[PDB]
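See structure below.
Protein chains: 2
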Amino acid sequence: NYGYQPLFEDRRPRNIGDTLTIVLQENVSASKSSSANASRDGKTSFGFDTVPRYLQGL
Amino acid sequence: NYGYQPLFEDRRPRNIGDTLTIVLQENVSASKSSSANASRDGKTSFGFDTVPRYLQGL
Ligand SMILES: CCCCCCCCCCCCCCCC(=O)O[C@H](CCCCCCCCCCC)CC(=O)N[C@H]1[C@@H](OP(=O)(O)O)O[C@H](CO[C@@H]2O[C@H](CO)[C@@H](OP(=O)(O)O)[C@H](OC(=O)C[C@@H](CCCCCCCCCCC)OC(=O)CCCCCCCCCCCCC)[C@H]2NC(=O)C[C@@H](CCCCCCCCCCC)OC(=O)CCCCCCCCCCC)[C@@H](O)[C@@H]1OC(=O)C[C@H](O)CCCCCCCCCCC
Ligand SMILES: CCCCCCCCCCCCCCCC(=O)O[C@H](CCCCCCCCCCC)CC(=O)N[C@H]1[C@@H](OP(=O)(O)O)O[C@H](CO[C@@H]2O[C@H](CO)[C@@H](OP(=O)(O)O)[C@H](OC(=O)C[C@@H](CCCCCCCCCCC)OC(=O)CCCCCCCCCCCCC)[C@H]2NC(=O)C[C@@H](CCCCCCCCCCC)OC(=O)CCCCCCCCCCC)[C@@H](O)[C@@H]1OC(=O)C[C@H](O)CCCCCCCCCCC
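Line by line, the protein sequences are chains A and B.
All you need for the UniProt record's numbering is the position in the first sequence, starting with 1, plus 58.
All you need for the UniProt record's numbering is the position in the second sequence, starting with 1, plus 58.
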């Protein structure tokens, strides 16, 4: 090979045949949450158990 | 490539082919709550258990 080569550079790959080292160190994490609620409660009462003579009509 | 390249700048992407690193670090959280209540209670009573002779009419 007659190609020029720098002395002080970091010897990065530059041509087709050059080799490079890859450190994967891949780490991905995704999360998703959702919630919903709805509560309704009702309860009504009414009773005499004793009615006046004048109110017995109703 | 014959393009001009600055020396002291932060080497940000500038053209179509430039590559950039994205750190997701996404975090969203939303909450919603609501409540309502209504209570009514009544209870009335009245009784003699002993009526005067003069009031026996009513
Ligand atoms: C937002 C506000 C808007 C305004 C709203 C207006 C009022 C909106 C309307 C509210 C009133 C509900 C109407 C109920 C009767 C009715 O029409 O709808 C019925 C179906 C229900 C539909 C209702 C959905 C509404 C939908 C909701 C709408 C809401 C908006 C059909 C029906 O008719 N079913 C019917 C049938 O059943 P059957 O199907 O099986 O056959 O027959 C059986 C057997 O009949 C009984 O026999 C008895 C003997 O056996 C006999 O006694 P006896 O003496 O003879 O012995 C006895 O005679 C008697 O009461 C003898 C005598 C009693 C006098 C005692 C003193 C009481 C004073 C009491 C004073 C009341 C004080 C408020 O009378 C009366 O003078 C009654 C008083 C009149 C007051 C007038 C108000 C002046 C304003 C005074 C104002 C005061 C100011 C401070 C016989 N009673 C009857 O005939 C029935 C009827 C005869 C009508 C002739 C009298 C003149 C009416 C003249 C005109 C009336 C027009 C309305 O009386 C009533 O109650 C009428 C009540 C009217 C109140 C309105 C208030 C307006 C405010 C005005 C406000 C604007 C009944 O049991 C049964 O009726 C029953 O069960 C009813 C039960 O009792 C009573 C439960 C009440 C609980 C509250 C409701 C709770 C319900 C809630 C859930 C929905
Ligand atoms: C906001 C204010 C606005 C003003 C409101 C005005 C008052 C608004 C009205 C309030 C009064 C309610 C009227 C009740 C009678 C009525 O009309 O509505 C009835 C249906 C109910 C509707 C009411 C919805 C109102 C809707 C609400 C409206 C509210 C606004 C029809 C009915 O009539 N049903 C009826 C029927 O049933 P049946 O259907 O099954 O057949 O027949 C059976 C059998 O009859 C009995 O037989 C007995 C023998 O067996 C016999 O005795 P004997 O001696 O002979 O032996 C006996 O004779 C007797 O009492 C003998 C004698 C007793 C004397 C003893 C001394 C007592 C003094 C006591 C003194 C009272 C002191 C206040 O008499 C009386 O002089 C009565 C006193 C008169 C006082 C006058 C006031 C002067 C002011 C004095 C003022 C004082 C100043 C300090 C016979 N009694 C009768 O006939 C019935 C009647 C005969 C009437 C002839 C007498 C002259 C009336 C002359 C005129 C009257 C006109 C009103 O008397 C009454 O009560 C009348 C009470 C009037 C009070 C009004 C106060 C006004 C304030 C004035 C205020 C402005 C009864 O049981 C049944 O009636 C009963 O159950 C009733 C029960 O008892 C009593 C419960 C009362 C609890 C409080 C209410 C609680 C109810 C609350 C829930 C709703």
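The C-beta atom is built at its ideal place from N, Cα and C for all residues, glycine as well.
Please indicate yes or no: does the CB of residue i lie closer than 7 Å to some heavy atom of ligand 2?
{"i": "B/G105", "result": "no"}
{"i": "B/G115", "result": "yes"}
{"i": "A/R111", "result": "yes"}
Please report how far the alpha carbon of residue i lies from the alpha carbon of residue j, in whole angstroms.
{"i": "B/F106", "j": "A/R98", "result": "42 Å"}
{"i": "A/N95", "j": "A/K101", "result": "20 Å"}
{"i": "A/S89", "j": "A/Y60", "result": "55 Å"}
{"i": "A/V86", "j": "A/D68", "result": "30 Å"}
{"i": "B/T108", "j": "B/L116", "result": "13 Å"}
{"i": "B/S103", "j": "A/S91", "result": "55 Å"}
I need the DSSP call for residue i, collapsed to helix, strand or coil.
{"i": "residue 140 of chain B", "result": "Residue coverage of chain B in this structure runs from 59 to 116, which leaves residue 140 of chain B outside it and unanswerable."}
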